[PDB]
Structures are given as C-alpha cells and as structure tokens.
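Chains as they are written, first to last, in the UniProt record's numbering: chain A, 30 to 69; chain B, 30 to 69; chain C, 77 to 328; chain D, 77 to 328; chain E, 388 to 559; chain F, 16 to 288; chain G, 16 to 72.
All C-beta atoms, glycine included, are put in the ideal place defined by N, C-alpha and C.
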Amino acid sequence: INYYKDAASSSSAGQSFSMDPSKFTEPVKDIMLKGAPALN
Amino acid sequence: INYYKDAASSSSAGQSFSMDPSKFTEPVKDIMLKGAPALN
Amino acid sequence: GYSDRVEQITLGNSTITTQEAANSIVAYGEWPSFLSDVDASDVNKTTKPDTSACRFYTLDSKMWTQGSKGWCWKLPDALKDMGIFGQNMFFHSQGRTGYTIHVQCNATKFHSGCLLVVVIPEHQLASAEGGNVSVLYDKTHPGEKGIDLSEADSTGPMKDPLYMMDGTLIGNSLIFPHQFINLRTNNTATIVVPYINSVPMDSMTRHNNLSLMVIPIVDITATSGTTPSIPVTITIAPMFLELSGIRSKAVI
Amino acid sequence: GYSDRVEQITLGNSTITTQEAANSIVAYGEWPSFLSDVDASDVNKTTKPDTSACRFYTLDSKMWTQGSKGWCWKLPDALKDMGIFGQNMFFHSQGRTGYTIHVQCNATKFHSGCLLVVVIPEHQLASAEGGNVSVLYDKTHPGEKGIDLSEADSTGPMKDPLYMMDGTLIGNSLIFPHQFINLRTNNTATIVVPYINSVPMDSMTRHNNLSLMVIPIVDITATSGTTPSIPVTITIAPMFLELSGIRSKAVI
Amino acid sequence: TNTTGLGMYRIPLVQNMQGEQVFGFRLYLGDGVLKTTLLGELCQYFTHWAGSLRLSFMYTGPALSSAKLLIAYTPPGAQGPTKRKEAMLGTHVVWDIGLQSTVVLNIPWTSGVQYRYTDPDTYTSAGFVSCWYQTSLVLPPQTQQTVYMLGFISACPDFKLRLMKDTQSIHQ
Amino acid sequence: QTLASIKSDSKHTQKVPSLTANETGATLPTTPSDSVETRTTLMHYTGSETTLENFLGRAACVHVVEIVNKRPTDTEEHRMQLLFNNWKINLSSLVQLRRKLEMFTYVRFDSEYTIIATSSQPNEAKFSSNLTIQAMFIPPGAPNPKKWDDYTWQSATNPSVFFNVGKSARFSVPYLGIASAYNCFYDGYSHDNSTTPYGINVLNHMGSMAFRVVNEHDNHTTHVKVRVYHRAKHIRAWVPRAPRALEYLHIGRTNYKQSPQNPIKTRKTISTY
Amino acid sequence: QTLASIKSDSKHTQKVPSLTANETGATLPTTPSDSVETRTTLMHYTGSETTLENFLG
Ligand SMILES: Nc1nc(-c2ccccc2)nc2[nH]nc(Nc3ccc(C(F)(F)F)cc3)c12
Numbered sequence: 030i031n032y033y034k035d036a037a038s039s040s041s042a043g044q045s046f047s048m049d050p051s052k053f054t055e056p057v058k059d060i061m062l063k064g065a066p067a068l069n
Numbered sequence: 030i031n032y033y034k035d036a037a038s039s040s041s042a043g044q045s046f047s048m049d050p051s052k053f054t055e056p057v058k059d060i061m062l063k064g065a066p067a068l069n
Numbered sequence: 077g078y079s080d081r082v083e084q085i086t087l088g089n090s091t092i093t094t095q096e097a098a099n100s101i102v103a104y105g106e107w108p109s110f111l112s113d114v115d116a117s118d119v120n121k122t123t124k125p126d127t128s129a130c131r132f133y134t135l136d137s138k139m140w141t142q143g144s145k146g147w148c149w150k151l152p153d154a155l156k157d158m159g160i161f162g163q164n165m166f167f168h169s170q171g172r173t174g175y176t177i178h179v180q181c182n183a184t185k186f187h188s189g190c191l192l193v194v195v196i197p198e199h200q201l202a203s204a205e206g207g208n209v210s211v212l213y214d215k216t217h218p219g220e221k222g223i224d225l226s227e228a229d230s231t232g233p234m235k236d237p238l239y240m241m242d243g244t245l246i247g248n249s250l251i252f253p254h255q256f257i258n259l260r261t262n263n264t265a266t267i268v269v270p271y272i273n274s275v276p277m278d279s280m281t282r283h284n285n286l287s288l289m290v291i292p293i294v295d296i297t298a299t300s301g302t303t304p305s306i307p308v309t310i311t312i313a314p315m316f317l318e319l320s321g322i323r324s325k326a327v328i
Numbered sequence: 077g078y079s080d081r082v083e084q085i086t087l088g089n090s091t092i093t094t095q096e097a098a099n100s101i102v103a104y105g106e107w108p109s110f111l112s113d114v115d116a117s118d119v120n121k122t123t124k125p126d127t128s129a130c131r132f133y134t135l136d137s138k139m140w141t142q143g144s145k146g147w148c149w150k151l152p153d154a155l156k157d158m159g160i161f162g163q164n165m166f167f168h169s170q171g172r173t174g175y176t177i178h179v180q181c182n183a184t185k186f187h188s189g190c191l192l193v194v195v196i197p198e199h200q201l202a203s204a205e206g207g208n209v210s211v212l213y214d215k216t217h218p219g220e221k222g223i224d225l226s227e228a229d230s231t232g233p234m235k236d237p238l239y240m241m242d243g244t245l246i247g248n249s250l251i252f253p254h255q256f257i258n259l260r261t262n263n264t265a266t267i268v269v270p271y272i273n274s275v276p277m278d279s280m281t282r283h284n285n286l287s288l289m290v291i292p293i294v295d296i297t298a299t300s301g302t303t304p305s306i307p308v309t310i311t312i313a314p315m316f317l318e319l320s321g322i323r324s325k326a327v328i
Numbered sequence: 388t389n390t391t392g393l394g395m396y397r398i399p400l401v402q403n404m405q406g407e408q409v410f411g412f413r414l415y416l417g418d419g420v421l422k423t424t425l426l427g428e429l430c431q432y433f434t435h436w437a438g439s440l441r442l443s444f445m446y447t448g449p450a451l452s453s454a455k456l457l458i459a460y461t462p463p464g465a466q467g468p469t470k471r472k473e474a475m476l477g478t479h480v481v482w483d484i485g486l487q488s489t490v491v492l493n494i495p496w497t498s499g500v501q502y503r504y505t506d507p508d509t510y511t512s513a514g515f516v517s518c519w520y521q522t523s524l525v526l527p528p529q530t531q532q533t534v535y536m537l538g539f540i541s542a543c544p545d546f547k548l549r550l551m552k553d554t555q556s557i558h559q
Numbered sequence: 016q017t018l019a020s021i022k023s024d025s026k027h028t029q030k031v032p033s034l035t036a037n038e039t040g041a042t043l044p045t046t047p048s049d050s051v052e053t054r055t056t057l058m059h060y061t062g063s064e065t066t067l068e069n070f071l072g073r074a075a076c077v078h079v080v081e082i083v084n085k086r087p088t089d090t091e092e093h094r095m096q097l098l099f100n101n102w103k104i105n106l107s108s109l110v111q112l113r114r115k116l117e118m119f120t121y122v123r124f125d126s127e128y129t130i131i132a133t134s135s136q137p138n139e140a141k142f143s144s145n146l147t148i149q150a151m152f153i154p155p156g157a158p159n160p161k162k163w164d165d166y167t168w169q170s171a172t173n174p175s176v177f178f179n180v181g182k183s184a185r186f187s188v189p190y191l192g193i194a195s196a197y198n199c200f201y202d203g204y205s206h207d208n209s210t211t212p213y214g215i216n217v218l219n220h221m222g223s224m225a226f227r228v229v230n231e232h233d234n235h236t237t238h239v240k241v242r243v244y245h246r247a248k249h250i251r252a253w254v255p256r257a258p259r260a261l262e263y264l265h266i267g268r269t270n271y272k273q274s275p276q277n278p279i280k281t282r283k284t285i286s287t288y
Numbered sequence: 016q017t018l019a020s021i022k023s024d025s026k027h028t029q030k031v032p033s034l035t036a037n038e039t040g041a042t043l044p045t046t047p048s049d050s051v052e053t054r055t056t057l058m059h060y061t062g063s064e065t066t067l068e069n070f071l072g
C-alpha cells in the first residue's frame with residue numbers, strides 16, 4: 030500500500046527482467062552463429 | 030500480513046507436522062512387527 | 077522358512093553369506109542412490125565405475141582381546157589404497173558414495189562379549205594435546221589401518237572410548253545408525269549408509285564422510301580357559317559410486 | 077560454409093580443434109560400439125568407465141628432422157601409464173576398446189614433406205636378430221615412448237621402414253586405414269578405429285591390437301634455411317571402453 | 388616484474404620450444420591475474436561466486452606462422468601442473484592456429500561445493516589454468532621472432548553472484 | 016483426538032511384544048498396553064512445544080564487544096584503542112547456544128539479529144551522552160576498517176545500521192551458506208596437506224561485523240558495550256547427534272581437557288536409592 | 016526452471032563452437048557443453064540479487 034501520492038515516495042518496487050546481453054556481446058550487423066566460422 | 034517482500038523477513042510461520050520416528054527407531058531393511066520374534 | 081537370521085549380499089562380483097545375523101540397517105531409512113538433476117550443480121558428465129568399484133573390500137582384521145579399547149576407520153579413506161576405487165579417488169576432483177559396511181566377529185557358545193558398531197557422519201576428532209591443537213592430516217587419514225584406541229600417542233586424537241573421540245558420551249552414540257554384536261546371538265552386523273553431506277558431491281581426499289566405530293562394551297570372556305583372542309574383520313563396499321572431473325593423480 | 081577442412085572433436089572432457097584437416101577416417105567403414113549380447117561370451121556384468129577414461133591423452137612429441145626413419149606406437153600399450161585408463165588396464169582381466177587417433181604436425185607454406193599415418197592391426201614384428209629369435213616383451217611394450225625407427229638396437233625389432241617391420245613393403249601398407257599429412261595442405265590426420273579381434277574381449281596387457289605407424293615418405297625440407305625440425309604430436313582416446321573381471325593389480 | 392606498460396597483456400611464444408609451459412596461473416577471481424578484469428571488478432563486489440568461466444585466446448603473429456597449443460584446466464586438490472604430462476590429464480583443448488584466430492575454453496563448474504568465495508580461500512580453491520606448447524612455434528625459414536597472444540575472460544550464461552560487499556579497490 | 020492409551024485386558028497369547036532384541040539396532044514402538052492392563056485415555060497434547068522451530072528459534076546472546084569514545088591517541092592503532100571493534104561472525108563463542116546447534120549435524124536457517132548497546136562512564140564525568148552506534152557487515156574480500164573514521168565506514172555497498180545507545184537494531188539475514196546447510200562439524204581439512212587447520216573452522220568464512228561510535232570525542236571516555244543476539248528462523252536440521260558432555264575449550268575445535276571430569280554423578284552401591 | 020547445463024555426449028562434427036574470432040568484437044554465448052561432456056542440471060538462480068537496482072539502491 031502506498032501512503033503518499035507523490036510517486037518519488039514509492040518504495041523501490043519493481044520486477045526482475047530477462048537479461049539481454051546481446052546488446053553488449055553480439056552487436057554485429059551480420060548474425061554470427063555458434064559453430065559457424067567467425068571469419069567466413 | 031507480510032510487510033516485507035524479502036522472504037527472510039517473514040515471521041516464524043509454520044505448521045506442526047506429524048512425527049516420523051521410524052527414521053530413527055526402525056531403520057531396518059526387513060520390517061519388524063511387535064510381538065514377532067526379533068531374532069527369527 | 078526364510079529366517080531373518082540368514083542373509084546373502086551380492087554386490088558386484090563379490091558376496092557375503094551369513095547364518096547368524098541381525099536384520100541389516102538402512103541408515104535413516106534411506107537406501108543409497110544416484111544424484112538427481114534437481115540436486116546436481118556440477119556441470120560435467122559424471123562417471124559411474126559401476127561394478128568395477130562397487131564390490132566388497134576387506135580390511136585387515138584386528139584382534140579383540142581383554143583390555144582392547146576399540147577401533148576407528150574413516151571412509152572413504154580406508155579404501156584409498158584398494159582396487160580401482162582407491163585409484164579413482166585420486167583422479168576424480170569430486171564424488172559421492174554410499175556404503176555397505178559389514179563387521180564380523182566369530183565365537184562359540186562358550187564365549188561372552190559385546191561390540192558396538194556405530195557409523196558417525198562428520199566425526200570431528202579431539203586432539204590428544206587439547207588446547208588449540210588440531211589433529212594433523214597424517215593422523216586422520218591412516219588408510220586400512222584404523223585408529224587403534226588401544227595405542228598410545230601424543231599427536232593423534234584422544235583415545236578414551238567413554239567420550240568417543242569428541243566429548244560426547246558413548247551411551248548416547250546410539251542415536252547414530254548402529255548395531256550390536258553379541259557373541260551369544262550374532263556374529264555379524266550390517267549397516268547400509270546413503271551419501272550424507274551438505275553438498276551434491278565433494279572431495280574424496282580432503283574430507284571424510286563417515287566414521288566407523290567399533291567399540292567393545294563388554295569384554296570378551298569365556299566360561300573357561302585363558303584370555304581369548306577373537307579377530308574382528310571389516311568388509312566395506314561402495315554402493316552407487318558417482319565421480320566427476322578429471323585431473324592428474326592427486327599427490328598427498 | 078561448413079568447410080570439410082575444419083573440424084571439432086569433443087570427447088569426454090577434452091577437445092580437439094583443427095582448421096587444416098582432411099576428412100576423418102572411420103576404419104573399415106564401421107564406427108566403434110559396445111559388445112552385443114549376441115557376441116558376448118563372458119558372463120560378468122561389464123564395466124563402462126565412460127568419460128572418465130574416454131578422453132584424449134597426449135603422448136610425448138617427437139622431432140621430425142631430415143634423416144628420421146619414422147616411429148611406431150602400440151595400442152593399448154601406449155596409454156598404459158596414462159590416467160584412469162592406464163590403471164584400469166591392470167585391474168581388469170579383459171576388455172575392449174575403439175580409438176580415435178589424431179596425429180599433428182605443424183609447418184608453414186615454405187615447408188615441404190609428407191607423413192604417412194597407418195593403423196595396422198596385429199602387426200607382428202620381425203626381430204633384429206632374425207632366425208628363430210623372438211622379440212622380447214620388454215621391446216614390444218615401451219609405453220608412451222614409441223619405437224623410434226631411427227634408433228639402433230640388436231634385441232629390438234627390425235627398423236627399416238621400407239619393409240615396415242614385418243617383410244611387407246610400405247607401398248602396400250595403404251591397404252590399411254591410413255591418411256597422409258602433406259605439410260603444404262594439412263597439418264593433421266584423424267583415424268577412428270573399431271575394436272578388431274577374433275574374440276569379444278581380450279587381455280589388455282599380453283596382447284596389442286593396433287599398431288600406429290608414422291613414417292615419413294618425403295623428408296622435411298624448406299625453400300630456404302637450415303635443416304628444419306618439426307615436432308610431431310600424437311593424441312589418442314578410447315571410444316567405447318568396456319571392461320570385465322576384477323583382479324589384483326597385474327604385475328608386469 | 389619489469390613489464391611496465393601494455394606488455395602485461397601480451398603472452399610471448401617462441402620458436403623451437405616444445406612441451407614447455409607458455410603460461411600458468413592460480414584461478415582466483417579475487418587477487419589473481421583476473422583481479423582487474425571485469426569479472427574481477429564485478430566479483431569484488433560480491434562474496435559468493437558460482438558458475439562457469441570462459442577463457443579465450445587470440446593469436447597476433449604472422450599469417451604464415453603456425454603452432455598448436457594445449458590449454459588446460461586443473462581441478463581443485465591437484466598441484467602444479469609442472470609437466471605437460473600432468474596438464475593433459477585435466478580439462479583441456481588443443482588449439483590449432485589458422486584462419487580462425489581465437490580459441491574458446493569454457494571452464495566447467497567442477498566444485499563439490501555449490502558456491503565458492505570470491506576472496507582467496509583454500510577451502511574453495513578453483514584450481515589452476517595452464518598452457519603448453521603442443522608442438523612448437525614455427526615461423527618462415529631463416530626468421531627469428533617472438534609472437535604474442537592476447538588473453539581474454541568472460542562469464543558463461545551460467546554465472547551466479549551473491550551477497551554484495553565493498554571492494555578493496557578504494558584507498559581513500 | 017490422539018489417544019494415549021486404549022483399554023486392554025489380561026492376555027495369554029503366544030504373541031510376545033515385551034520380548035525383542037536390541038541387537039538389531041531397532042527400537043520397537045511398544046506401549047504400556049503391551050505390558051499391563053490399561054484404560055482408554057486421551058493425550059491432550061500435540062507436541063507443538065517440542066518442534067525443532069521452538070528449540071532453536073529463541074534469541075540468544077552470541078557475542079559482546081567493547082568500543083569506546085575517546086580522544087584518539089596517535090601512538091596506537093585505533094583498533095587497539097577500542098575506537099572500533101571487529102567481531103568475526105560465529106555462533107560458537109557462547110556455549111548456551113552452541114550446545115543446541117551441536118545436537119544436529121547439518122543446520123539450515125535464516126537469521127534475525129538484535130543489537131543492544133549500553134554506555135558507561137567510569138570516570139569523573141560532568142554529564143552523560145547518548146552515543147550513536149554503527150554496525151557494519153564486512154563479508155570476505157571487503158576492506159577492513161583501519162581508522163575509527165576512514166572511508167571504509169561509508170558503507171557504500173556494505174549493509175549497515177545506525178542506532179542509539181539505549182535503543183536497539185533489528186534485522187534479518189537470509190541463509191548465507193555456500194552449501195545447502197551449515198555444517199556444525201567437519202571431519203576434514205581445507206586441502207590435502209600435512210599441516211592445515213582441522214575442523215569446522217575451515218568453513219567459517221562468514222566475514223566480520225564492525226562496530227563504531229560515530230560521535231566525536233566529548234572530553235571524557237565513554238565505554239559502550241554492544242551485545243549481539245541471534246535468533247534462527249525457518250529452521251531445518253538433519254542428522255541428530257548426541258550432545259556434548261564435557262566442557263568446551265575453544266571455538267570450532269571439539270577439544271577437551273587432558274583429564275576431564277567424568278560427567279556422571281556416582282553413588283556408593285548399584286542398589287542405593 | 017532455467018537449466019544451467021544439458022546432457023551432452025562426445026561429438027565428432029564439422030561444427031566447431033570452440034573456434035571463433037574476437038576480432039569481430041563479439042563474444043559468442045558458448046557453454047561448457049560446447050567443450051566437454053555435460054550432465055543436465057538446474058541453475059536454481061534468478062539473478063535478482065545482481066539487478067542494477069540492488070547494486071546502486
Ligand atoms: N560459516 C559456516 N560455513 C559452513 C559451511 C561452509 C561450506 C560448506 C558447508 C558448510 N558451515 C558452518 N557451520 N557453522 C558455520 N559458522 C557460522 C555460520 C553461520 C553464522 C551466522 F551467524 F552468520 F548465521 C555464523 C557462523 C559455518
């Protein structure tokens with residue numbers, strides 16, 4: 030229950046989210062597949 | 030009512046359970062019966 | 077009549093046959109088994125030596141005579157030098173075992189006496205020097221030769237069976253899986269023990285699971301004749317040996 | 077593009093990765109497998125060490141230089157001292173194996189030369205003394221150190237590669253599973269060999285199956301510079317190791 | 388010592404050497420060679436570490452050169468390795484230098500304990516990592532050079548961290 | 016409702032529940048009705064009071080530290096001056112708690128802490144001051160405070176609590192074990208070596224808790240004792256064992272005196288009442 | 016529940032997940048099962064403890 034109507038007052042509520050490491054691990058135009066040559 | 034969303038914060042809730050002394054009193058492969066010879 | 081006093085145990089390529097035995101014990105009511113996917117945390121295909129390891133091994137017998145204090149063996153340490161099991165123990169980074177522990181002691185109707193056979197998990201030992209002194213590796217891992225409580229030492233663990241080896245009283249050691257051998261009734265005791273630990277699998281070299289105590293409660297006597305001497309023989313087998321991770325042979 | 081020149085082999089807890097390789101060979105067109113009930117004659121539950129044994133082992137490399145005659149290894153003998161496999165070999169009365177045999181030899185585009193890698197079953201050897209002389213056990217079971225055909229002896233087998241080691245000509249050794257390593261094209265050769273014998277299972281100590289020959293056909297040369305020296309490394313793994321019968325460790 | 392500069396990130400390989408060790412280290416995510424890597428820095432904010440690690444090596448020598456290297460992981464309880472014959476008994480990969488310049492070795496979780504400490508602690512030692520010359524480094528005829536590899540580290544998808552703590556990277 | 020006993024009359028049977036063999040290691044669940052004539056009666060008891068949860072889930076003092084508020088002296092390490100204090104986490108320091116935990120081989124639980132501080136001024140004081148006390152967790156790998164007010168105390172990532180003398184802190188800490196349960200005993204070593212610590216101490220990498228007075232010196236020296244209480248919650252335990260009869264000597268170790276007193280009261284005759 | 020690893024047996028394929036190029040700047044999501052034989056096992060972890068919210072909050 031929220032007791033204040035000013036949203037900053039809200040406790041640190043939130044959900045866990047699925048991770049998306051592709052933004053940092055596979056930022057490539059052409060999709061690389063495991064097992065395929067990296068250098069074609 | 031729980032006021033915290035971190036489960037460790039929960040009070041010592043729980044149910045009573047039926048006892049199972051057989052784990053400590055009758056750990057035998059071959060079932061012994063009261064009134065039967067222990068040594069057959 | 078399939079009398080409860082007569083049993084045959086077949087395990088791997090070895091057997092045990094008894095005619096005067098008490099019902100075997102399954103420690104804590106749980107038969108030994110393999111690690112489930114749910115419990116497992118180690119991401120390696122495991123190794124299952126099967127019947128090449130899961131067979132009976134016999135440890136050197138010891139004489140039980142008047143004045144004997146009793147003996148102690150550590151598992152898996154006791155088997156470290158025996159068969160393929162002993163070799164696997166030093167190549168595999170971790171593993172888990174269950175055991176079948178069988179203790180034998182023959183006598184005639186003219187003998188009296190009583191052994192208490194107890195399997196104690198995590199039997200942390202008190203040092204002979206007390207204080208802040210720890211028991212050295214060399215004295216907690218003797219292999220086939222158990223810790224003879226009848227032998228003097230000053231660097232080993234305390235040997236007085238009244239207090240076991242840890243300050244508890246022997247009278248209450250019966251909380252642990254145990255069985256008695258009364259020479260007048262039975263010459264064997266058998267205990268089956270599941271893997272018991274806080275982790276799925278563990279080192280088989282830096283840590284013991286089970287400590288097998290054989291302590292005479294009533295001295296061996298006889299209706300007539302000189303002090304008797306009766307050998308006590310211990311036979312132990314792995315049940316569901318499961319190993320993981322390959323490394324060069326460990327050096328101790 | 078899944079080029080045939082690039083392969084990965086994963087076996088047990090070990091891998092091999094190659095970029096310049098010829099298609100691997102499956103000897104006689106048959107992939108290694110376990111003994112069937114129909115073929116089996118030994119009435120014992122078998123032991124299957126699985127991935128504790130079926131992994132790659134690497135033998136000491138040898139230098140290939142001008143004048144080298146070639147080398148010979150015996151299986152399973154070569155692995156007798158390696159890992160749990162080596163230990164199992166002396167506890168089990170009989171067994172059967174298949175192998176993955178991988179031979180490596182690096183070079184640059186400026187090198188020339190050619191190795192012939194051949195796997196020969198039952199390669200009975202001729203003695204250096206000829207006549208009625210047999211080759212002694214000590215000289216047919218050298219372990220990791222293969223038989224270096226470049227070394228002199230008088231008690232060992234004959235070492236002249238033209239006649240292999242048995243009176244046949246090397247030119248016709250190509251009837252056996254084989255693969256070449258041309259330094260200009262490929263740096264590896266891989267041969268997979270099923271268990272081949274007249275019996276279901278056999279001793280792994282008094283009898284060899286497979287004899288791995290690595291014989292240079294064309295000497296290593298280079299477009300320029302001094303005589304080159306290129307190491308040759310051999311990596312071997314059991315495929316479907318199956319063992320039976322437990323005995324005390326064999327003494328050789 | 389005496390490697391001031393970017394030289395610390397370069398692993399030398401030399402000609403005509405065979406069976407010798409290229410490198411080796413004790414596998415800590417605390418005070419080892421991994422201390423300053425991102426896993427190092429992230430792990431220094433946590434007490435408990437679990438899951439698999441990934442090592443990767445990239446060859447930066449001449450296109451005409453070649454070598455085979457053995458990369459191995461030695462599980463806890465073992466010593467060394469000091470010889471290739473020991474290293475080969477652990478978890479290992481043989482790496483062929485060629486067009487694809489990078490090898491990836493995923494170090495499996497082999498612990499009998501569900502979590503290990505990020506701080507060095509004998510009870511939860513992760514064992515060792517080592518690399519040996521499977522064959523040797525070969526360069527074009529009549530040349531003599533030292534070539535280098537670059538080592539990399541990252542976590543596997545199966546990577547876990549628990550219980551946050553302050554690092555020891557702050558001195559004021 | 017569960018019956019304690021059921022009516023049972025005189026028997027003359029070949030079935031003999033009073034005769035067995037302890038040799039088997041089993042304790043058969045015999046009743047008074049198997050020996051004597053009995054009358055039907057209820058238990059009026061559920062056994063809830065004896066649940067493991069009540070046995071272990073009560074607050075107990077675990078450790079007491081002493082810290083002071085004084086003008087720092089530049090000739091001595093601040094820790095030695097008791098300007099702050101470090102408690103290595105354990106439950107084995109005080110026997111009243113240790114003894115209960117010792118009765119199980121493997122124990123799993125969440126913790127609840129209570130920290131209570133009391134001040135004292137054993138000197139020629141002019142007034143009393145209510146000091147603010149800081150308690151901070153320092154898990155393995157975390158920096159250990161060196162000065163009474165160095166950067167470590169910023170508690171950027173380390174859980175911490177501030178409370179006043181006369182007040183108390185309370186918080187929960189979830190099961191922190193690496194394994195599925197805390198080991199009470201460990202029959203082994205940290206590694207395969209001849210010389211190394213033996214026993215449960217090798218598993219105790221819980222870290223430390225640091226205490227500090229966050230106020231500056233105030234003319235006189237003020238002594239603060241901080242008492243830490245612990246209560247287990249959601250408790251599970253496995254493999255029960257015999258309780259210790261002999262006195263404890265040290266933490267972790269199961270050592271005992273060279274010539275212990277036999278903890279069994281004696282009497283003149285086996286038949287003396 | 017999310018698996019940490021899946022059972023995987025010895026391979027002898029032309030597909031080579033252990034061989035790549037960091038030159039590309041990509042880190043491929045390879046697993047232990049792409050190197051060694053593995054056994055199916057669960058993670059029993061959600062990663063909630065490592066959320067940005069706990070790191071900074
Ligand atoms: N730290 C430990 N680790 C392990 C263990 C580690 C690895 C594998 C298996 C077991 N077992 C232990 N048993 N007693 C321990 N000490 C302890 C536990 C909790 C707390 C407190 F107070 F924080 F809850 C204070 C002290 C302990």
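Less than 7 Å between C-beta atoms, sequence neighbours within five positions excluded: which residues of the same chain meet that for residue i?
i, result
"residue 550 (chain E)", "433, 434, 435"
What does DSSP give as the partner residues of residue i in its beta bridges?
i, result
"residue 493 (chain E)", "E:441"
"residue 179 (chain D)", "D:265, D:310"
"residue 199 (chain F)", "DSSP lists no partner for residue 199 (chain F)."
"residue 30 (chain G)", "Paired residue(s): none; residue 30 (chain G) is not in a bridge."
"residue 182 (chain F)", "F:180"
If I measure Cβ to Cβ from residue i and keep anything under 6 Å in the same chain, skipping five residues before and after, which residues do I get?
i, result
"residue 225 (chain D)", "145, 146, 235, 237"
"residue 93 (chain F)", "162, 163"
Is residue i helix, strand or coil by DSSP?
i, result
"residue 80 (chain C)", "coil"
"residue 71 (chain G)", "helix"
"residue 544 (chain E)", "strand"
"residue 107 (chain C)", "coil"
"residue 247 (chain C)", "helix"
Give me, in chain order, the residues of the same chain whose beta-carbon lies closer than 8 Å to that of residue i; leave out the 5 immediate sequence neighbours on both sides.
i, result
"residue 187 (chain F)", "125, 126, 127, 128, 248"
Between residue i and chain E, is there a C-beta pair that is closer than 8 Å?
i, result
"residue 63 (chain G)", "no"
"residue 214 (chain F)", "no"
Would you mind sorting residue i into buried or exposed? The rule is 16 or more other CB atoms within 10 Å of its CB.
i, result
"residue 278 (chain C)", "buried"
Could one say the Cβ of residue i lies closer than 8 Å to chain A's Cβ atoms, at least one of them?
i, result
"residue 51 (chain G)", "no"
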